[PDB]
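In the authors' numbering, the protein residues as written are 1 to 689.
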Ligand SMILES: [Sm+3]
Ligand SMILES: [Sm+3]
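Printed below as a string of structure tokens:
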């Protein structure tokens, strides 16, 4: 029954004392217990926990990142919350404080003495040095960045700096013999405050800090008018306009632990009660977010409202978020590397057959596109979220989540629709596709009204054509959320494998991977679903009219198909009517949005431009399609895009997810969520807040 005490990793004599007072205040409270291990730095604290020598340490963004790097695998368990001047947050602005009349503009920093909180943290280093990178003249990765900055500022006070090799980086540090440049509250200038003083005492001319710092020691407006903000555009404004003025915005500091056996469950209890037993003015016997006049920021960041518990799928990268990981990694990749990465495009494949495919496209384009894959649509969405990946094709069903995660649909898949297949596609308004209800005419007693407890084949859950529309419908008639209970059994990969919904699925040829949601599941997607009913594994196939068409009457030359015939298939129609496969126009459940590639709005454009190129060299009329590669072709296997894709088009202004899918569906979908919820939709829920 008992569960251990949280080992908290301190960093200087200061921290312990504080940690101390906490542990005891804690027990005096009859709350989960604590303890303090003792090392010398945040970087150290990391390793310690790594080797289960301890369990937690509140970390800076910059440090979180390192903490997540391979060997250690640390996770932002909890997040602090601060000022904002109004509505509380987990994001903070990174600035530059200089004394009125110092003159120099941010682009002029060469020659100035500068202050820094410590090595590698956001506000003081990560953000700043990257900004000024364009004036460093530093070979890149091969040549130590320390020497750069070293030689960029006349001298300075860099905590954790390797002042032996680059003494200039700790010159300014006012610290005793070895306390000098120490990487803890033993160095007076270490930390936000730290830096501010380093500027206040005239040591430096520019401090890189937290947006609240200044107000965090200048209680009197007057004093506050003595200083300013170096805005990235080259002007200077007042300390309280960080809002416009700032080098960057960066995510909150966080309580980190182990990828595995972190004891998350003990940590969060500790902090939760802590907010509650000694946070914002609750008692007077102790104060979490209160530190000595000697040193600030002990254990947590001073005057932090409190914490928020991060959801678990969140692993650092993500926590950070794109914008930050790129630049952070940017300070350790060559310019070349850099510009390289900016000009290309990494596509995110789901499943092997696809990666293969992405591999082709790669070699065919001469690397203008490269590849990033994984086992689940979710998965490739995250990757874009993290920045290992730029983009991929989504179906409206994933559009919705992607959109929830802040991504935007760039180009649309436009079928060789029918009117006039001239370069109309490009401008042609995406006209949609019909999700139909399919079964064996053979089996006619059957209707839409009959599907209670029968066999169903779904292309994928969380997808439109199949899942979304029908279940949504069924949701409208059953008044109940037990999706697995409706059809006797089912085939719908990405469902819980030990459920009926993944009952009728066949895993790859060697029957492995039952229910995964990708092409190995021979019953996955459009085709796979049509066959699941074809091989009669089930009775009702939720798919697109077109679907049937593509594999019957000798279309797909695959055995299971081969002798399939249009006439053999009937459409269930919303009024109990059944029709042949052609009357779809009047025999469908509804109209689905065409699929849509997507990425971070950021690259929105460049994404568009090279794909447009790629599509002029390899899609519908690809001068080289039947020749050395066809982007839009994949052996009735739908690799990357639908096999009938004429091309990809302009969204006719639909630029926000809602716009593209439209209110209704969107609403249709948000209704279902009342039934269920996914991991990533949740994740984002907290990140985008
Ligand atoms: Sm910081
Ligand atoms: Sm689809």
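Backbone N, C-alpha and C fix where the C-beta goes; we use that ideal spot for every residue, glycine too.
Residue of 650, 670, 465, 647 minimising C-alpha distance to residue 658 | 670
Mind checking whether the beta-carbon of residue 122 lies closer than 7 Å to any heavy atom of ligand 1?
-> yes
Beta carbon shell of ligand 2 at less than 5 Å from a heavy atom = 395, 465
Name the residue from 566, 470, 501, 454 whose alpha carbon lies nearest to the alpha carbon of residue 668.
-> 470
In terms of residue numbering, what span does the alpha helix (DSSP H) encompassing residue 361 cover?
-> 352-365
Look at the alpha carbon of residue 160 and the alpha carbon of residue 122, and state the distance between them as a whole number of angstroms.
-> 14 Å
Rounded to whole angstroms, what's the CA-CA distance from residue 130 to residue 289? Just pull it up for me.
-> 31 Å
Does the beta carbon of residue 302 fall short of 7 Å from some heavy atom of ligand 1?
-> no
Can residue 307 and residue 78 be called in contact, C-beta distance under 8 Å?
-> yes
With which residues is residue 287 paired in a DSSP beta bridge?
-> In DSSP, residue 287 forms no bridge with anything.
Got a sec: does ligand 1 put a non-hydrogen atom nearer than 7 Å to the Cβ of residue 253?
-> yes
Minimum length 4: unbroken alpha helix (DSSP H) runs contained in the stretch 191-264 | 191-200, 221-224
Which term fits residue 675, buried or exposed, when burial requires 16 or more other beta carbons within 10 angstroms of its beta carbon?
-> exposed
Which whole runs of the alpha helix (DSSP H) in the stretch 42-73 are 4 residues long or more, in chain order?
-> 42-50, 61-68
Given 8 Å as the limit, is there contact between the stretch 551-563 and the stretch 348-361, that is, 3 or more CB pairs closer than that?
-> no
Please name the residue, chosen from 325, 514, 292, 463, that lies closest to residue 593 on a Cα-to-Cα basis.
-> 463
Within its chain, find whatever has a CB closer than 8 Å to the CB of residue 690; leave out the 5 residues flanking it on each side and keep chain order.
-> There is simply no residue 690 to check, as the chain begins at 1 and stops at 689 in what is shown.
Residues that DSSP places opposite residue 345 in a beta bridge | 369
In or out: residue 688 buried (at least 16 other Cβ within 10 Å) or exposed?
-> exposed
Roughly how many angstroms lie between the CA atoms of residue 476 and residue 660, to the nearest whole one?
-> 24 Å
How many Å lie between residue 102 and residue 113 at the Cα?
-> 11 Å
Just list the beta strand (DSSP E) runs in the stretch 460-522, keeping only unbroken ones of 3 residues or longer that don't cross its boundaries, in chain order.
-> 489-491
Any idea what DSSP makes of residue 433, helix, strand or coil?
-> strand
Residue 646 by DSSP, collapsed to three states: which one?
-> strand
Evaluate contact between the stretch 61-70 and the stretch 245-254, counting only Cβ atoms and requiring at least three cross-stretch pairs below 8 Å.
-> yes
Closest to residue 81 by CA distance: which of 600, 177, 304 is it?
-> 304
Compare the beta carbon distance of residue 649 and residue 430 with 8 Å and say whether it is the shorter of the two.
-> yes
Can you tell me where the beta strand (DSSP E) with residue 458 in it begins and where it stops?
-> 455-458
Output the distance between the C-alpha atoms of residue 580 and residue 424, rounded to the nearest integer angstrom.
-> 31 Å
What do you reckon, is the C-beta of residue 39 under 7 Å from a heavy atom of ligand 1?
-> no
Residue 589 vs residue 436 beta-carbon contact at 8 Å | yes
Rounded straight-line distance, which links the Cα of residue 281 to that of residue 217 | 20 Å
Counting Cβ pairs, one atom from each stretch, are 3 or more of them under 8 Å apart for the stretch 595-611 and the stretch 370-380?
-> no
Apart from the five residues on each side of it in sequence, which residues of its chain come closer than 6 Å, Cβ to Cβ, to residue 681?
-> 401, 404
Identify the continuous alpha helix (DSSP H) that holds residue 612 and give its terminal residues.
-> 604-618
Flag this pair as touching only if the stretch 86-104 and the stretch 197-209 have three or more C-beta atom pairs under 8 Å; answer yes or no.
-> yes
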